[PDB]
Amino acid sequence: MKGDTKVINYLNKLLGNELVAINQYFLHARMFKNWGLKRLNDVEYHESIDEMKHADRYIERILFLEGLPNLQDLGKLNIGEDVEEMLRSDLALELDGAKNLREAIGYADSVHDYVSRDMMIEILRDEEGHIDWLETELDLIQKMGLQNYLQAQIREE
Amino acid sequence: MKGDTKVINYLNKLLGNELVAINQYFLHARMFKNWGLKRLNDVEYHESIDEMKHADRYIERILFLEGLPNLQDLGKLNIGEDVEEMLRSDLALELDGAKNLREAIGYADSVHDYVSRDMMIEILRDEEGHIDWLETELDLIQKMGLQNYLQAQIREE
Amino acid sequence: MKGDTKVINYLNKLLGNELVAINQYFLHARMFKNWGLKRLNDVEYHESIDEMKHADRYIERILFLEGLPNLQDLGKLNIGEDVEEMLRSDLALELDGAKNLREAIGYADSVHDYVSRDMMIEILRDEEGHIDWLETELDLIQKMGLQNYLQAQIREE
Amino acid sequence: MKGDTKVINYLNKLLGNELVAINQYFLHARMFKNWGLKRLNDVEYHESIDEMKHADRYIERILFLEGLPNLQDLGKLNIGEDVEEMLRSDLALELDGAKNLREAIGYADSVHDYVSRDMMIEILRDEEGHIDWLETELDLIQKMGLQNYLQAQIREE
Amino acid sequence: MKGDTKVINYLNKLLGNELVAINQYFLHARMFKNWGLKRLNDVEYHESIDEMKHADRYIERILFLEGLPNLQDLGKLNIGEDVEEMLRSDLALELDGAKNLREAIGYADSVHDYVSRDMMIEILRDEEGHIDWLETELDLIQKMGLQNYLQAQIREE
Amino acid sequence: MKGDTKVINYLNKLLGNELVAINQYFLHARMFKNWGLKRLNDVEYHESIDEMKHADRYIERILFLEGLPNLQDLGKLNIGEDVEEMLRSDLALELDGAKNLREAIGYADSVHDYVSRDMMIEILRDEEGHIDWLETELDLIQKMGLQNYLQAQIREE
Amino acid sequence: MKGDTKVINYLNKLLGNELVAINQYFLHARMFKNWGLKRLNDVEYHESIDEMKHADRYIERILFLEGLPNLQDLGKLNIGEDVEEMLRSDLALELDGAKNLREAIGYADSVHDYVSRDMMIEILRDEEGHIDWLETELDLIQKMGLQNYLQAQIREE
Ligand code: ZNH
Ligand code: ZNH
Ligand code: ZNH
Ligand code: ZNH
Ligand code: NA
Ligand code: NA
Ligand SMILES: [Zn+2]
Ligand SMILES: [Zn+2]
Ligand SMILES: [Zn+2]
Ligand SMILES: [Zn+2]
Ligand SMILES: [Zn+2]
Ligand SMILES: [Zn+2]
Ligand SMILES: [Zn+2]
Numbered sequence: 001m002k003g004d005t006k007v008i009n010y011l012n013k014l015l016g017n018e019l020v021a022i023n024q025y026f027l028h029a030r031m032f033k034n035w036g037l038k039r040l041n042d043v044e045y046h047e048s049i050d051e052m053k054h055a056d057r058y059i060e061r062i063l064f065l066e067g068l069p070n071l072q073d074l075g076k077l078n079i080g081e082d083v084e085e086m087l088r089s090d091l092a093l094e095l096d097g098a099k100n101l102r103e104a105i106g107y108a109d110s111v112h113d114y115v116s117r118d119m120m121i122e123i124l125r126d127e128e129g130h131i132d133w134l135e136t137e138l139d140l141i142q143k144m145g146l147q148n149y150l151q152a153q154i155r156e157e
Numbered sequence: 001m002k003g004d005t006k007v008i009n010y011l012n013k014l015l016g017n018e019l020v021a022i023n024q025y026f027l028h029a030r031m032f033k034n035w036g037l038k039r040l041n042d043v044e045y046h047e048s049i050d051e052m053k054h055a056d057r058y059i060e061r062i063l064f065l066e067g068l069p070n071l072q073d074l075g076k077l078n079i080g081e082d083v084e085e086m087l088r089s090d091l092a093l094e095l096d097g098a099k100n101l102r103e104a105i106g107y108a109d110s111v112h113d114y115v116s117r118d119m120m121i122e123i124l125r126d127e128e129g130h131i132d133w134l135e136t137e138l139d140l141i142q143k144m145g146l147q148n149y150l151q152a153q154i155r156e157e
Numbered sequence: 001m002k003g004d005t006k007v008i009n010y011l012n013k014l015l016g017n018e019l020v021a022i023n024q025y026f027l028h029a030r031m032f033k034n035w036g037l038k039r040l041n042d043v044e045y046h047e048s049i050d051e052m053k054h055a056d057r058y059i060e061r062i063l064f065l066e067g068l069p070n071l072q073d074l075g076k077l078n079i080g081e082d083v084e085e086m087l088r089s090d091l092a093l094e095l096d097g098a099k100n101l102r103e104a105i106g107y108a109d110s111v112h113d114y115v116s117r118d119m120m121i122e123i124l125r126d127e128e129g130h131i132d133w134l135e136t137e138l139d140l141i142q143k144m145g146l147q148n149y150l151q152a153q154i155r156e157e
Numbered sequence: 001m002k003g004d005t006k007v008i009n010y011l012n013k014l015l016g017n018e019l020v021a022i023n024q025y026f027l028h029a030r031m032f033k034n035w036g037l038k039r040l041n042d043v044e045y046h047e048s049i050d051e052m053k054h055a056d057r058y059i060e061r062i063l064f065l066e067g068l069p070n071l072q073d074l075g076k077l078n079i080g081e082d083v084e085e086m087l088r089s090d091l092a093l094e095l096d097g098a099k100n101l102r103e104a105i106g107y108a109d110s111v112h113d114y115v116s117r118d119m120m121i122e123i124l125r126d127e128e129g130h131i132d133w134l135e136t137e138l139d140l141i142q143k144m145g146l147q148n149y150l151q152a153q154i155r156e157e
Numbered sequence: 001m002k003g004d005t006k007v008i009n010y011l012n013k014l015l016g017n018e019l020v021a022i023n024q025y026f027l028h029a030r031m032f033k034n035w036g037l038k039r040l041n042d043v044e045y046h047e048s049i050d051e052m053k054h055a056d057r058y059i060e061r062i063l064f065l066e067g068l069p070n071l072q073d074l075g076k077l078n079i080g081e082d083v084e085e086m087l088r089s090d091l092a093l094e095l096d097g098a099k100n101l102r103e104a105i106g107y108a109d110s111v112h113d114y115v116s117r118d119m120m121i122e123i124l125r126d127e128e129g130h131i132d133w134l135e136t137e138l139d140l141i142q143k144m145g146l147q148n149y150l151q152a153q154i155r156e157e
Numbered sequence: 001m002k003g004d005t006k007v008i009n010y011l012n013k014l015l016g017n018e019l020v021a022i023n024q025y026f027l028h029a030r031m032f033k034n035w036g037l038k039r040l041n042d043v044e045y046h047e048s049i050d051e052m053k054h055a056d057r058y059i060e061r062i063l064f065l066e067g068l069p070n071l072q073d074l075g076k077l078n079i080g081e082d083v084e085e086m087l088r089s090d091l092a093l094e095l096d097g098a099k100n101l102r103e104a105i106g107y108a109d110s111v112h113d114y115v116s117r118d119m120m121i122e123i124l125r126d127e128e129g130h131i132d133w134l135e136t137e138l139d140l141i142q143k144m145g146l147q148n149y150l151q152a153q154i155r156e157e
Numbered sequence: 001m002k003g004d005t006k007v008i009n010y011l012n013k014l015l016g017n018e019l020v021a022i023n024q025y026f027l028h029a030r031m032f033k034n035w036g037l038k039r040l041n042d043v044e045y046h047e048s049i050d051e052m053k054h055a056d057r058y059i060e061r062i063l064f065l066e067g068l069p070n071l072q073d074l075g076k077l078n079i080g081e082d083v084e085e086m087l088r089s090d091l092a093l094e095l096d097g098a099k100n101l102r103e104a105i106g107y108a109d110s111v112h113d114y115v116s117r118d119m120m121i122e123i124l125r126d127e128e129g130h131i132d133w134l135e136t137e138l139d140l141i142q143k144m145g146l147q148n149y150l151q152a153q154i155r156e157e
């Protein structure tokens, strides 16, 4: 079913955001696991899976709308080297992705692509949940100190 | 445990092969799904997942060996527009990847990194299974013709 | 218990037929499997196992009758290169084997080896079932054409 | 997938060794069974089946590599006439076959056919297990004498 | 249904053989049991029951054919006084019985009493199993010696 | 089966490494248990058990190859007196053992003892897992400080 | 809790005896297993485990008493080359061990370390069970002869 060209372009841009997040959150997860921080491995791994699910929804929607999903262009990752830096990088990526989602959601409404809009709002709610988790962890590092914070990540929850 | 620098370079090269194949096989699968070819979606999706598992193994091994996994550089996808072209592109990608695996396996043995060698040989066996499946489907297209072949893909197996 | 020398010679000839058929039907099955013709692999494999069971019966009977089972001399296999040729070759093998079985059954009766005769009649009944299957498939190839016939072999039944 | 011609030639030689062992160990089993030595029938039958499994692995591998499995040429069996002679003949055959396996494993490595090599190492491990069983039974015959040894084979284990 | 007079005569002769074997095998079993040879009691008792079943088949067939089953004229038993002698006497009785069966089967076929023929062939197959067991035990006595053979009979199998 | 004398010598050297590690890891475990560090007792005890399993594999292999397992010569333990020292000592022991494994694996390949090679590579994979765990615990001691690290060992995981 | 210095010296001496027995009984078990003497492998393996449990009891008791367990100084093994020699060597080792235990038990009582005393008496009771089993097997070898004795060890009990 032919979709709106600019909607398809937004969906491809948001798919690009998810592709960056998939890789960044998966590498962060395995870095945490290598450091013995099993709780952070578990959470970041499941954030990666969530982004994979999002990417799948975009791919399927683009194809239904008769556009070409772009999995070729991968944006810049910002991996980082210690826990706080890694979480702050994930948070900045999420916040950037949320701005793009808000823009796309507004436009999808204007062209009456309400099914695309509805899909994107669900994704946005998911991203706001990741933001909450990231902001909270970063606050916990400040409130309890890094040593105590790291001790709290050794065991699965 | 400090690994050999060139082993790490090989693992990063092979990781890059898997990242290409993950994206190419996932997009092909959802294109098959959008065309109603459920059997092909199922197989190609599970091939994508297999490549993901391989990527995970490389990432963890690189990190154990104290290298930096490279998820930033994504090589060229070759998506293609019809079933035969898509399967032939996947086959070409697998064969290129097997050549790279063979080279890396020999080098790993020469520097006595037998655990990396053993991991890669397991991955190579997986890839040769994918090659077998692809070659066989391509032969079936020729033997029964495309119309009969497509009809055989509608229902799940 | 001492058996009749010519009966033992017939049992060794029949054992020789089964040994050819075991190898021909097993290789045919794995050729079909390699071509993705799962249904054909399944039937031909079970035909191979049936022949193995027959060979076992002859070996045990020969030994009971104080003869020497001959597993050294293997007759000529006719493998063939395409589905129809392979099935026709199996059909010819079965029909030759039934001729020999009929001759031996008649002779066993003449020397009063009724237990050997009864064993061979059960084996002949099995062989006539294989003949039926093979003749029917060859007719189906003609009635539906090779393309449709091959498509019908892709999935297990 | 096109294999190396010499590898395929090795696989066919090893297949030939398996085909000899299948027949020799199966006849030995049924000879043991006819003599009432149920424990030896059970073990030798299960060695025969194991060789059948190995032959299947070679057949499928050869076909994948686009070669022609040779089930027509059957080497020399050495049946023998009493328990010790039969076990020693099986041992000599296994030792000959292990020699050919080591040669093929080394060559498969040199041409980078690591999957064929990995298959053959698993088979070699199986053969070394049979060698252990045979050497141990032969030593037991000497240590307890043949009469006691035979008595210990009447009952299944 | 009026049967052939000579068929009935043969069935009564065979019934006579069965009645001898019932008593001889039952007495042998209880002799083995009294000597503590539990395995031999078990086998010979079950041979006796088998002969009882055969006798029942003859009695019923004779009555259907409007003849008179003769359970009055018991033939000569040969009991024997040690294990080998007892087993050799059972073997001689079975072999005599098989000879009579072969003659009766041929005659029944000649007068077209195919049901009686088929019954007798099933019985002959049972008898040939008894011959196999007896010949094998006698060979085992020779191969392991009587002392070891007897030890092997103490425990139920 | 007559094994290569220098393979047996390597297997005895590796067995020697395992015998040292069994004792050092078992004593470390019970020292941790005495200190109330139940998590470290659990891990070190299971490392000791792993080494016992490795030793059993070397002993059985040596005996199959017709050599003499040497359990008499026990190399130098380095027990240590505090948690970090104990873990550094276990790590040094593992790294020395991995070097010997790599040397032995290369040699076994050169004399075509592929089954011993394959056994050793599996053991090496296990040792690299132990190395990973030890390195990570030592990094955690630095990252969270010893007080927090000790607190994290009180409870079983 | 600070123990008596000489009690700790005795516990280390007894621990030393246990460490000799662990290795000797484990190697003997696998020698029996390699020879096909499954019953002897089973018993001697479980004697080895028993000694391991004893060693663990000594190690833990030494640590509680604030001493240093000595796992470094392995005493002399006497392996032996045939079944009777191996069993007699185990018996001599056990008897030497019992003598040391009796001395240690008396001394522990004299310095009022009744818990160490009670631990050692339980261990001595275990050792006296091993002596009983060993003395009995050695007498059985004499009473039935070695050939029959060995036959009795083939099957698990
Ligand atoms: C790159 C990098 C990467 C990696 C490493 C991965 C990995 C992974 C893993 C491990 C898993 C799990 C699986 C199993 O079962 O095991 C998954 C899943 C997964 N995944 Zn993915 N991935 C990825 C990417 C991806 C992408 C890009 C996509 C899109 C395109 C995806 C889509 C996916 C899906 C859909 C899934 C499933 C999910 C669920 O859970 O359901 N993915 N993954
Ligand atoms: C020749 C001679 C001979 C004989 C007698 C036999 C016999 C036999 C028997 C009896 C059995 C069982 C099965 C049932 O019953 O179910 C078998 C199985 C058998 N088999 Zn096989 N074989 C043989 C050869 C053979 C060969 C040659 C091969 C390949 C080629 C085989 C492959 C086989 C298989 C695959 C099987 C299945 C096994 C299992 O179980 O898994 N095989 N085999
Ligand atoms: C002769 C004629 C005759 C006949 C026909 C008979 C027949 C008979 C029958 C059918 C039965 C059932 C079987 C089943 O079910 O498995 C019996 C049982 C019988 N039986 Zn018997 N018998 C007889 C004689 C006899 C004698 C003579 C004796 C003694 C010796 C006997 C002893 C007997 C016994 C013991 C039994 C088991 C019983 C019960 O129930 O428990 N018996 N058998
Ligand atoms: C010396 C020091 C020592 C000690 C203290 C010990 C102790 C012990 C214990 C406690 C246990 C557990 C037990 C139960 O639970 O029942 C064991 C086990 C044990 N173990 Zn060990 N060990 C030892 C050495 C050893 C050696 C040296 C070897 C080799 C030779 C062994 C081999 C062993 C085995 C095989 C086992 C079983 C394992 C499993 O888990 O499966 N081992 N170990
Ligand atoms: Na069609
Ligand atoms: Na005896
Ligand atoms: Zn997302
Ligand atoms: Zn892959
Ligand atoms: Zn047949
Ligand atoms: Zn084999
Ligand atoms: Zn009867
Ligand atoms: Zn180890
Ligand atoms: Zn002890």
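Chains as they are written, first to last, in the authors' numbering: chain J, 1 to 157; chain I, 1 to 157; chain E, 1 to 157; chain F, 1 to 157; chain L, 1 to 157; chain K, 1 to 157; chain L', 1 to 157. A prime marks a further copy of an entry chain. Beta carbons: idealized from backbone N, C-alpha and C, even for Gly.
- Proximity of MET31 of chain I to chain J, defined by a Cβ-Cβ separation below 8 Å, is satisfied.
- Close CB contacts of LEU91 of chain E within its chain, under the 8 Å cut and outside five residues either way in sequence, are with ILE131, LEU134, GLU135 and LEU138 (chain order).
- Ranked by Cα distance from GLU122 of chain I, the first of I:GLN72, I:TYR149 and I:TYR58 is I:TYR58.
- For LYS53 of chain L', the uninterrupted alpha helix (DSSP H) segment begins and ends at 38-64.
- Burial state of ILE8 of chain J is buried, judged by a 10 Å Cβ sphere holding 16 or more other Cβ atoms.
- Per the coordinates, the alpha-carbon of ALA108 of chain L' lies some 10 Å from the alpha-carbon of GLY3 of chain L'.
- In the three-state scheme derived from DSSP, where H, G and I count as helix and E and B as strand, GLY80 of chain I is classed as coil.
- For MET86 of chain E, the CB contacts under 6 Å within the same chain, skipping 5 residues up- and downstream, are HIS28 and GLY80 in chain order.
- By a beta-carbon distance limit of 8 Å, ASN100 of chain K contacts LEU14 of chain K. Their separation comes to about 6 Å.
- For the region 103-115 of chain F, the set of positions with a beta-carbon nearer than 7 Å to some beta-carbon of chain I reads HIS112, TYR114 and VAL115 in chain order.
- Scanning its chain for C-beta atoms nearer than 7 Å, with the 5 sequence neighbours on each side dropped, one finds around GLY36 of chain L the residues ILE154, in chain order.
- In the three-state scheme derived from DSSP, where H, G and I count as helix and E and B as strand, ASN70 of chain L is classed as coil.
- For the region 63-87 of chain E, the residues whose beta carbon sits under 7 Å from a beta carbon of chain L are, in order, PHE64.
- With the criterion CB distance below 6 Å from any heavy atom of ligand 3, the matching residues run L:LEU19, L:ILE22, L:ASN23, L:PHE26, L:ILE49, L:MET52, L:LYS53, L:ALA55 and L:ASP56 along the chain.
- Annotated three-state conformation of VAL20 of chain F is helix, per DSSP.
- With a threshold of 16 other beta carbon atoms within 10 Å, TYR114 of chain L' falls short and is exposed.
- Any heavy atom of ligand 6 within less than 7 Å of a residue's beta carbon puts that residue on the list, which reads F:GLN147, F:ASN148, F:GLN151, L:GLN147, L:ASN148, L:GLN151, L':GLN147, L':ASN148 and L':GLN151.
- For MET1 of chain E, there is no enclosing alpha helix (DSSP H), as DSSP marks it with neither H nor E.
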